There are 2 protein chains.
Amino acid sequence: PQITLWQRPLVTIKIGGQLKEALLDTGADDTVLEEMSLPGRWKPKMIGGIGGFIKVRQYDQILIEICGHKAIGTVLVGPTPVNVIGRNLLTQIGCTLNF
Amino acid sequence: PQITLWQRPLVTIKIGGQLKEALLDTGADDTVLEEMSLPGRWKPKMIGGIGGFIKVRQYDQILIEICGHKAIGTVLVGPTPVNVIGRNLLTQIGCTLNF
Ligand SMILES: Nc1ccc(S(=O)(=O)N(Cc2ccccc2)[C@H]2CNC[C@@H]2N(Cc2ccccc2)S(=O)(=O)c2ccc(N)cc2)cc1
Ligand SMILES: [Cl-]
């Protein structure tokens with residue numbers, strides 16, 4: 001698909017058996033989602049932007065489906081105001097910026 | 001161009017006759033640049049980042065070149081972690097996401 005930026009590029013994802021909406025975000029180094037349970041080990045991390053930093057839990061090697069694409073990656077889980085798909089997983093689906 | 005996401009999509013921009021590095025950010029609705037001088041009057045704007053909402057200065061109809069492409073639009077100025085080119089100007093340069 002070619003996705004326009006007239007509007008936020010929102011997509012549906014499946015993770016931990018759950019369907020969530022998330023923003024395809026080239027400015028995000030990492031994928032970050034609102035509070036949820038994920039299997040496996042995790043470690044704490046801090047991520048920041050305008051407004052400051054939040055604490056998240058870093059889960060590695062998590063399977064996600066994004067637009068029919070199956071991908072594997074790191075997911076940060078915490079009190080974020082917006083679910084985003086970051087570069088770590090956009091690369092895995094072959095996503096590029098084009099102009 | 002076609003820009004992959006293994007590394008941050010940083011490009012060169014020109015504004016006020018100066019070259020700066022900025023991040024192409026499909027998660028940012030709006031372009032926000034580091035503190036700088038711009039002509040004209042500005043208006044208040046609130047923008048929401050991961051740590052919360054902050055006040056920034058809004059300048060409209062500003063000339064800005066992004067990776068060689070000419071744009072004229074709204075440029076926000078404030079304590080952003082990095083210069084980000086948001087959807088308002090990525091649309092102007094004809095940028096899309098593709099996979
Ligand atoms: N590692 C890492 C660091 C930060 C984040 S993020 O701040 O949540 N995040 C997602 C987001 C926030 C708010 C609204 C919509 C999307 C970043 C990335 N896309 C926009 C946002 N930001 C730009 C950024 C932040 C840190 C490093 C490099 C760039 S931001 O400063 O919150 C921001 C928000 C809105 C606008 N107009 C401009 C900027 C995610 C992963
Ligand atoms: Cl590639």
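Naming convention: chains lettered A, B, ... in sequence-line order (proteins, then strands); numbering from 1 in each chain.
Listed for the A:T26 side chain is a donor-acceptor partner under 3.5 Å among the backbone atoms of B:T26. A donor-acceptor contact shorter than 3.5 Å links the side chain of A:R87 to the backbone of B:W6. A distance-only check finds a donor-acceptor pair linking the side chain of B:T31 to the backbone of B:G86 [under 3.5 Å].
At a threshold of 4.5 Å between non-hydrogen side-chain atoms, the residues A:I93 and A:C67 do not count as touching. For the pair B:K20/B:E34, no side-chain contact is recorded, criterion being any heavy-atom separation below 4.5 Å from C-beta on. A 4.5 Å side-chain heavy-atom check between B:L24 and B:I66 finds at least one atom pair inside the cut-off. B:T74 has its side chain within reach of B:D60: a pair of non-hydrogen atoms, C-beta onward, lies under 4.5 Å apart.
None of B:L76, B:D25, B:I85, B:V75 except one satisfies the side-chain contact (heavy atoms from CB on, under 4.5 Å) rule with B:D30; the exception is B:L76. Residue A:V32 is tested with A:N83, A:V77, A:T80, A:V82 for a side-chain contact (heavy atoms from CB on, under 4.5 Å); the sole match is A:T80.
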I would like to know whether B:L38 and B:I15 meet side chain to side chain contact (heavy atoms under 4.5 Å, CB included); could you show each step before the answer? CA-CA 9 Å; B:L38 288 177; B:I15 182 168; 4.0 Å; yes
Between A:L23 and A:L10, does a side chain to side chain contact (heavy atoms under 4.5 Å, CB included) hold up when you go through it step by step? CA-CA 5 Å; A:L23 168 46; A:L10 296 186; 3.9 Å; yes
Test log, rule salt bridge (charged side-chain N to carboxylate O under 4.0 Å, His left out), inputs B:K70 and B:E65: CA-CA 4 Å; B:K70 298 213 143 84; B:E65 193 181 271; 3.2 Å; yes
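In the displayed structure, A:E35 atom CD is contacted under 6.0 Å by more than 12 heavy atoms of other residues, nucleotides or ligands.
From A:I62, atom CD1 reaches atom CG of A:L33 across 10.5 Å, with rounding to the nearest 0.5 Å.
The two atoms that bring B:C95 and A:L97 nearest to each other are SG-CD2, 3.6 Å, heavy atoms only.
Within the structure, ring pair (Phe, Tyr, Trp, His ring centres under 6.0 Å) contacts touching residues 79-99 of chain B (residues at least two apart or in different chains) are A:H69-B:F99.
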